[PDB]
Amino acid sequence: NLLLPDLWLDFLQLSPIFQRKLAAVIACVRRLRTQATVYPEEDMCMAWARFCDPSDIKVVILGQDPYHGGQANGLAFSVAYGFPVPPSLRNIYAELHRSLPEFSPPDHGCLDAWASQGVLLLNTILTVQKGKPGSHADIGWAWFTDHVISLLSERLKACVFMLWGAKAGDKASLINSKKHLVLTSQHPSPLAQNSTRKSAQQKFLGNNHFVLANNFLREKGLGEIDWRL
């Protein structure tokens, strides 16, 4: 059991050895779950893969690891209904509101409608121990999500990749930037919001990434994302 939907197994075409390596990471998490609280639950750590067919993915947004206080829902940046909106997601909403006149920031952190429209909200690390950010950074998730990114770049005809901050930016070398639109900026975190008129990288607020993404999709003949929540 690789926890992935059948469409994703078909899409990835994992070799037997890669299947065993993924199974080994899953087994590691299973061992860690009996010793401590791990987020999200096992049957939610692949939720990011269950909202659309992988062939229909149009935008990839990379996060780091899941929230570690129980608010993670298996999607990058998103939180379940009823949870307060985290700071980075608030700033994402702020950039959407600046760039898209029809977008009004919602009172929730649920990004399900984006995922259903082909926005892949992929954390590079898929589990985390309660209260300990980065605690599962070295158990093998990074190999798997790197491979997922590579295969999305290879197998999709046209896709947008939004890489915010240094960690996500490190993944750019996995993506064929002639096929795909690779959008980069500083992280949406409020910590990175007000800084230095020095940053070689563009600020998150003002990066125009959601407009540029829909322009790309329109140019390639794909349906645009309705970003409204």
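Heads up: residue numbers just count along the shown sequence, starting at 1.
When 46-54 is weighed against 191-199, 191-199 comes out higher, by mean CA B-factor as recorded in the entry. Higher mean CA temperature factor between 7-15 and 21-29: 7-15, per the PDB entry. The PDB entry gives the largest Cα B-factor of the residues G140, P86, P106, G74 to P106.
Of the residues listed, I175, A168, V59, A36, the entry assigns the biggest Cα temperature factor to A36. In the PDB entry, a CA B factor belonging to the lowest third of its chain's modelled residues is recorded for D112.
Per the deposited record, the Cα B-factor of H147 falls in the lowest third when ranked against the other modelled residues of its chain.
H180: CA B factor lies in the middle third for its chain, per the PDB record. Compared with the other modelled residues of the chain, the Cα B-factor recorded for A80 ranks in the middle third.
Residue-level temperature factors show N123 in the lowest third of its chain, judged at the C-alpha atom.
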